[PDB]
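Working notes for the structure below.
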Amino acid sequence: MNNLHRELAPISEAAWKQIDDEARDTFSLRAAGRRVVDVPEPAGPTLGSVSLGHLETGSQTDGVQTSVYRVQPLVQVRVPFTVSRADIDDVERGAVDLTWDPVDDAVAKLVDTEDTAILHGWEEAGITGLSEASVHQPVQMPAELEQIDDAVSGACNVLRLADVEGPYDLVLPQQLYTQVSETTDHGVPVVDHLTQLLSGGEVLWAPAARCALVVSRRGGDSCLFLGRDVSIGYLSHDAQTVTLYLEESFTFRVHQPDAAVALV
Amino acid sequence: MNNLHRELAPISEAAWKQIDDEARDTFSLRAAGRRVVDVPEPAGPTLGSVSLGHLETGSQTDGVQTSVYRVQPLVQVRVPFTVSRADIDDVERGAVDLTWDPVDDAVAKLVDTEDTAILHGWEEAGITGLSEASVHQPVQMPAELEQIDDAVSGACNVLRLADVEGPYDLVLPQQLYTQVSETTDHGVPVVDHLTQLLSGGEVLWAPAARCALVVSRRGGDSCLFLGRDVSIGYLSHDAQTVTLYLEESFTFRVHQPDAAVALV
Amino acid sequence: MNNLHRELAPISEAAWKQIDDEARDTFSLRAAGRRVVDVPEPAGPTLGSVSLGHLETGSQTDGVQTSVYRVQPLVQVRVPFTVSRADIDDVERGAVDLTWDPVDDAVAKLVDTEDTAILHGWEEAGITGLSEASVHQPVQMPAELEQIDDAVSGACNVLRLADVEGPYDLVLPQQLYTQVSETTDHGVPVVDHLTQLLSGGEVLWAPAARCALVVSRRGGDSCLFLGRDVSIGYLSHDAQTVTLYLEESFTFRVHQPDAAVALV
């Protein structure tokens, strides 16, 4: 028994397997900010901060000089959701037509908050995202979406002049991604030209993101520090429904602010 | 001797081989609904129902509570056709110019009914097809057929937002398939762009289908349960003609209604 | 953890053993309908129907003829009962004078409903019992109970003329069984003569049965299909009492209606 009291939940092993599979597949599908940043191996619930490597202003009394280290604490996110004991029982009887809508909604909320923190910043967790921690002026996007290659080339040139290099990934909102995909120019999709301009990179479909942005993928520019990873725990239950939650402890840090540029 | 009294039919072995080859080739060519759904190994004529895994409302008398399981019975389809003893005799004499038109017509009818049940639903067999068992609103198709990529992208985005994923297959009626194939845009066929948008999927020529629709191919979203497969049996004969039939027992079930979207 | 959340119940292992032993012994003692019918190995909770092997009337549209298979769904029975935490705790302390009256009552109710379904029919589960699915006219029983051998011989002759054969078992209600046992004729118990007339069969004490009936034991005349067998599950608990239940999923089918005759 860890802090996730899964053994106390009135849920069968098959139902647990189905719920975990649904949650992990939805998270893998929906999470797009984890592909543009470096995600090391999770440490554990014990870890609580990441040291920035800097020190504050040092006070001087007598011969003694004292300076304080600078750290960024982690934050944990818990999203609770309620599932149906009827579906849990149907799992063992053989139901395969069960749609875990509360689980999908909880995973969607978790991905939304994590991607917002990664790409823009939270300001509640002390996290500054790629867009906010950017020294480059935003690149204007031309209209009609056929000339988006101009903005892509401008962003690539800005990153190249900033000595950033590496293949660039273009993260787009879901609506803009669909519009770019359906744009065909002179019968030649603009996605191919964008991929050519991205120097071996790719265009990323990020429904959670509300801003388009280009990030270099050379490595070491940003990092998502994870303690406890995405896990499902048990809270309480009734005669009809069972309350579970998704828990994840993390923080995000941008080392080089010049490796990302926001197109707007 | 099974229920198919083939040994009683006045048909030579070579004629049986020719008829079976014609029937199986026509079925493989004409059946398009079997490629978008999961078809497990046939069980046999003994199987008669598939359990849905759910139970009905439970009546409560005294301490006894009784609840009834929910099942879907299978249905068998028999299509009879009449062949010519003159052609049957010519088979052994060496005729290779024999067109088994009644066999082709029977296979066409069987494919029509099976594909209609799979893709739209029968309502006589208790079968709900992919189109009817769909929670997504139908996607409007633009005119002139050059902008069909817009509808394809919209369907793909709807499925992606529904966390469905997997390569998508676009089933089209035969006339619409020919029109899409002959559409060339700026000298660049739209089929290539459709294949790119389908995420490794394919466009399927379905003459039996009367509605266009996109289905995910990840697996486990729909299933065609088969008892007896497509087989040819003997009914009666005259001095001139022999009456045979095509028999197939099946049912169809959609587990996840959100894996398919109908373009109309 | 299966659907029986036994691990969540605040019940010790010794108390579980005592409750299970009491339930199984009471069921073995009290269930008499299971001895006259064929009981195969239980399949499991996944099974939900039994195919009758027949098909309904076939509709004919164009060349297509469609016919629907006939099946009988299973039904599950749940009987809840409340036990005492004081007795549960006394079990480990060493109490051996504990009478599990709620468990006995629940087992009695389960046996009553199962035996009624087997021998007479439920009409709620779609089950037709041996008495109802009988083509033989009921055999009149003479008074004073010394001449019950006449009715037994008449039933045996009816079954023999129906080409049924096999040793016959005479199921009686509990009161009639006691009266027959205490009847002594000319100082010679009628039970011996009944056993001689039953052709190697036996007289069965069935308190749940409310009608006397003779059933052949040759095999293959009736069948009790079982999914989940008799098992004990956990529902809820309080500071004083624990609520459990007995669950059993089954159906019953008579293949040959002429192997049983009801004496009334």
Side-chain angles (χ1 to χ4, degrees), chain A residues 14 18 22 86-87 89-100, chain B residues 31-56 68-77 110-111 113-136 159 162 164 166 169 171 206 208-209 211 213-230 248-262, chain C residues 44-51 56 66-74:
Chain A
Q18 290 206 3
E22 185 71 25
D87 300 333
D89 308 340
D90 289 321
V91 166
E92 183 176 358
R93 288 191 292 270
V96 290
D97 67 322
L98 291 189
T99 69
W100 306 98
Chain B
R34 297 169 74 99
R35 323 176 178 135
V36 298
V37 309
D38 298 83
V39 182
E41 182 65 26
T46 64
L47 183 63
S49 198
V50 171
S51 172
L52 303 182
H54 294 268
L55 264 66
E56 307 185 27
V68 184
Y69 279 74
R70 294 219 288 134
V71 290
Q72 189 179 1
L74 264 65
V75 303
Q76 82 170 2
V77 177
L110 193 50
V111 170
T113 191
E114 198 198 55
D115 268 22
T116 300
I118 282 165
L119 304 169
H120 200 83
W122 205 333
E123 187 272 351
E124 183 178 1
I127 297 174
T128 307
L130 295 152
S131 162
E132 282 184 329
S134 179
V135 292
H136 302 308
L159 294 196
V164 174
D169 286 354
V171 173
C211 62
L213 54 85
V214 170
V215 171
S216 173
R217 283 310 273 133
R218 53 163 176 190
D221 310 327
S222 60
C223 187
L224 181 63
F225 311 94
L226 290 172
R228 183 186 292 277
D229 211 345
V230 182
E248 203 204 4
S249 78
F250 71 97
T251 196
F252 179 68
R253 188 86 186 150
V254 188
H255 314 328
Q256 320 285 334
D258 56 354
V261 55
Chain C
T46 64
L47 183 63
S49 198
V50 171
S51 172
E56 307 185 27
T66 313
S67 184
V68 184
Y69 279 75
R70 294 219 288 134
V71 290
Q72 189 179 1
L74 264 65

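Both backbone and side-chain heavy atoms feed into the values below; hydrogens, waters and symmetry mates do not. A, B, ... follow the sequence lines: proteins, then strands. Residue 1 opens every chain.
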Quiz item: Side chains of B:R35 and B:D169: closer than 4.5 Å at any heavy-atom pair?
Solution: no

Quiz prompt | Donor-acceptor under 3.5 Å (B:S222 side chain, B:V37 main chain) | solution = no

Quiz item: So, do B:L74 and B:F250 sit near enough that their side-chain heavy atoms are less than 4.5 Å apart?
Solution: no

Exercise. Working to the nearest 0.5 Å, report the span between CD of A:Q18 and CG of A:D87.
Key: 9.5 Å

Quiz item: Considering only heavy atoms from C-beta outward, does the side chain of B:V254 approach that of B:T128 to under 4.5 Å?
Solution: no

Practice problem: Decide yes or no for B:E132 and B:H120: does some side-chain heavy atom of the first lie under 4.5 Å from some side-chain heavy atom of the second? | Solution: yes

Quiz item: Which value, rounded to the nearest 0.5 Å, describes the distance between B:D221 atom CG and B:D258 atom CG?
Solution: 7.5 Å

Quiz item: If we only count heavy atoms from C-beta on, is the B:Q72 to B:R253 side-chain gap below 4.5 Å?
Solution: yes

Self-check item: Main-chain N/O of A:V96 paired to B:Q256 side chain as donor or acceptor, under 3.5 Å
Solution: yes

Self-check item: Sub-4.5 Å side-chain heavy-atom contact between A:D89 and B:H54
Solution: no

Quiz item: With a 4.5 Å heavy-atom cut-off, do B:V36 and B:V171 have their side chains touching?
Solution: yes

Exercise. Decide yes or no for B:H255 and B:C223: does some side-chain heavy atom of the first lie under 4.5 Å from some side-chain heavy atom of the second?
Key: yes

Exercise. Please list, chain by chain and in numerical order, all residues satisfying side-chain contact (heavy atoms from CB on, under 4.5 Å) with C:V68, sequence neighbours excluded.
Key: B:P73, B:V75, C:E56

